[PDB]
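Below: the structure, in structure tokens.
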Amino acid sequence: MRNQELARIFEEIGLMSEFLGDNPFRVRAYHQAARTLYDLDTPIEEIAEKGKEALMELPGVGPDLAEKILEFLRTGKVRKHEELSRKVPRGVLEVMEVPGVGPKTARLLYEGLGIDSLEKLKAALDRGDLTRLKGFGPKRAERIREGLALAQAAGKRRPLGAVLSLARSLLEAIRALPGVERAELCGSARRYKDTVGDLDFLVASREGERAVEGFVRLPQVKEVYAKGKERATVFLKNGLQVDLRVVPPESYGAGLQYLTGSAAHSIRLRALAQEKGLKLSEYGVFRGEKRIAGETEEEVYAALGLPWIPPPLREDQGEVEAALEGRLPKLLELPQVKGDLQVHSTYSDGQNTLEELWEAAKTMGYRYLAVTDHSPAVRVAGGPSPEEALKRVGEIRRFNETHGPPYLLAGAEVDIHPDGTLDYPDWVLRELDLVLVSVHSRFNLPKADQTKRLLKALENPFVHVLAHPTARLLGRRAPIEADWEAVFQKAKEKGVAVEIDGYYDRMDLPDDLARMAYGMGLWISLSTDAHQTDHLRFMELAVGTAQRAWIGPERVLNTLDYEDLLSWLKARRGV
Ligand SMILES: Nc1nc2c(ncn2[C@H]2C[C@H](O)[C@@H](COP(=O)(O)OP(=O)(O)OP(=O)(O)O)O2)c(=O)[nH]1
Ligand SMILES: [Ca+2]
Ligand SMILES: [Ca+2]
Ligand SMILES: [Ca+2]
Ligand SMILES: [Ca+2]
Ligand SMILES: [Cl-]
Ligand SMILES: [Zn+2]
């Protein structure tokens, strides 16, 4: 559909027209045309095919607008929009759209103050320049600064784990709206993508317009950006940018599929539908005018002749073909994970004692937890020394002797020196239950040198896991450059697992490299890199990553029970 694209075009024409000081009647008309297109559920092209008169039946559309609709459908553009674009630059249009600014103010700001950009706008805000205009007080001042921040965030992405719990708190409030029967967090978040744009929620309701009203008036909501009969876009007090879509309860499953995407996955499904005489839309699966499916997502997949496809797979990267042949991959599931294989403690940089870690693991129903404190070079500190590291092993063993399950594995996260040697001697490594190795320095070695360093680390027969291999920090540090094929192949041959560290701003291995490692036949270790017990919740992110990477419970260390895990760790591994 081109409905939303055209709604935007007319809205922009309205804004630019008002900026230029066109007829307020014409300005309001463009905005009403925009609302109509925003709310219109049927494709605008289907009405356009019926003719100019049919377009004019729509609320707000007259002879002028109907010709512009046809122009857009025939050429892909509207010359009027292009004409106003010649008179109104992009930066000045960006300024006017900030909440609390608007077209007329933007004109004064353009002509009198020299503000043609968000940059200048922020400069003015920060210096108090705007306070020297009539109509400007601390209330409007606060709105404009915040509007600017929201504008600048809308381009950008945040780690999934930075926003998922906040999204779930909003989901609770949405579910609690009277009139809402079901709701779900959809979009890329439901697919467990490691960074997300806006958050998208689907609601089932028989009273959609009233559900939208309740939603936009939730205590959590700060600003409404767009609102109509069945959808809204808002900004929360906590910053989150959120889209809502409402469908009738009979359509909920089709709405879930629609709003979960990816868009590429949905293109595949719509073609499969039409190839068997059906139409898939947000509202259901239809044979002619008759709705034959829609209430549940599994019913929708079934109507297309498919098994239900897990959301993390829905990227058009082989899942449609696998579903068509009745051979979807077996995927790791969160209940199958029996422990977390990288947690830190007060022996190094963690906030928790052994007792606190044990208690948290016991609450979670884990069989074990690996306490993997840093070697001295990681912390850029003096210790723990090799002697202290061994003393700690004895303490963890005594803790297990006095506590029982969940058992603590006495581990370490051992720094890899620039030359590929390890930051504990073999007499420490051999006594550890679990040896992780990782890069914490010299992140920018030439690719060939970084590769050699990692290969040399993997020579050591006491190593079990390559921890957070790329060392990336989302928003702070790029992945290290290394030949991952060479690194993974050596790890496979040596019996060393690669880690998926689900700590929210690590997400390392990323899904794509995890998919590569698992496809090459490696073992996988999941962890949260916890430094406080609240971090243990990130295991869901590591599992979601595994699912995106087509990883099953086979060759995942965390699906082994304690005895089987210790056996794996002690075994002659590799070729
Ligand atoms: N049929 C159809 N579905 C769409 C279209 N655009 C988006 N969708 C569906 C599939 C998307 O996964 C879902 C949410 O759209 P978003 O633009 O928010 O993307 P998504 O959440 O997947 O990724 P993001 O992290 O926000 O970049 O809506 C479209 O043009 N046609
Ligand atoms: Ca009309
Ligand atoms: Ca409710
Ligand atoms: Ca989204
Ligand atoms: Ca969206
Ligand atoms: Cl469902
Ligand atoms: Zn580390």
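Counting starts at 1 for both ligands and their atoms, following the listed order. The first residue of the sequence shown is numbered 1, and numbering continues consecutively from there.
- Between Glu282 and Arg245 there is a side-chain heavy-atom pair separated by less than 4.5 Å.
- Looking only at its N/O/S atoms, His468 has NE2 as the one nearest to the Zn ion (ligand 7).
- Comment: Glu319 does not engage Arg268 in a salt bridge, judged by the lack of any side-chain N to carboxylate O separation of less than 4.0 angstrom.
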**Asked** Step by step, would you call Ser266 with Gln257 a side-chain contact (heavy atoms from CB on, under 4.5 Å)?
**Response** CA-CA 8 Å; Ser266 299; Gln257 187 285 309; 2.9 Å; yes

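- Taking 3.0 Å as the criterion, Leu58 counts as a coordinating residue of the Ca ion (ligand 2), since one of its N, O or S atoms falls below it.
- Taking the Ca ion (ligand 4) as reference, the nearest N/O/S atom within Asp200 carries the name OD2.
- For the Zn ion (ligand 7), the set of nearby N, O or S atoms under 2.8 Å includes one belonging to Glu413.
- Centred on the Ca ion (ligand 2), the angle running from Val61 (O) to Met56 (O) is recorded as 80°, rounding to 10°.
- The distance from the Ca ion (ligand 4) to the nearest N/O/S atom of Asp198 is under 3.0 Å.
- A donor atom on one side chain and an acceptor atom on the other are not found under 3.5 Å apart for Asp511 and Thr545.
- Residues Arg182 and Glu297 are not paired through a salt bridge, judged by the lack of any N-O separation under 4.0 Å between the basic side chain and the carboxylate.
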